[PDB]
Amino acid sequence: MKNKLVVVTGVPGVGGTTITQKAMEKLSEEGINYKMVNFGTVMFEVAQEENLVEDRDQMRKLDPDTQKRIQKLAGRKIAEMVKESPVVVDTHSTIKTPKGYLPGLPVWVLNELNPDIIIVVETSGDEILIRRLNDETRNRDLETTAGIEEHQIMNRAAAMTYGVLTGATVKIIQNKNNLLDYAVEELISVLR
């Protein structure tokens, strides 16, 4: 099936969404119009449609078992979406929870999703930690560069695993400070 479906992951702060946007932006110039979607958002939308919530807070409290179903359906919806346009699913490779690294796209989601590319945007633990500091929305944690680095290591493994299970290729892009443009150009080459 034409219309590529890719998922752009990265650690909070690498600005995967940012370079994704500028890539779409710049790509649109050549008639290519990707549909960005946030996986967590889709589950929320499937929740409302299945009559199960009314806001993003009834999702966390939503039954653990049925939460797998919502993931399956959310994977179906997006799959159906590439029928009408190339899609970028903005989600996590692994979500860093206090209980540990949680897979953003478990296998039962990948079967319904069938991605073509898994982007893993990265940069230095240093850069990421500073970005979060010059960020007013944050200013809370104590996440060290080794922790960010460790996270980026697990995401990588998760991505590759996703790749093997889905056949999708895993692309690693470095979004380094004062070099945004190069990251963006890198991404554009893989989405085009």
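Residue positions are given as counts along the sequence shown, with the first one as 1.
- A summary of the deposited B-factors shows that, of 168-176 and 13-21, the stretch with the larger mean C-alpha value is 13-21.
- The deposited model assigns a higher average Cα B-factor to 75-83 than to the other stretch when 75-83 and 112-120 are compared.
- In the deposited coordinates, the residue among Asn51, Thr161, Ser28, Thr145 with the greatest CA B-factor is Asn51.
- Note on the listed residues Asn38, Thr66, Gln152, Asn33: the highest Cα temperature factor in the record is that of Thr66.
- In this PDB entry, the Cα temperature factor of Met1 sits in the top third of its chain's modelled residues, the highest group.
- For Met59, the recorded CA B-factor ranks within the highest third of the chain. Only modelled residues enter the ranking.
- When the modelled residues of the chain are ordered by their C-alpha B factor, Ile128 lands in the middle third.
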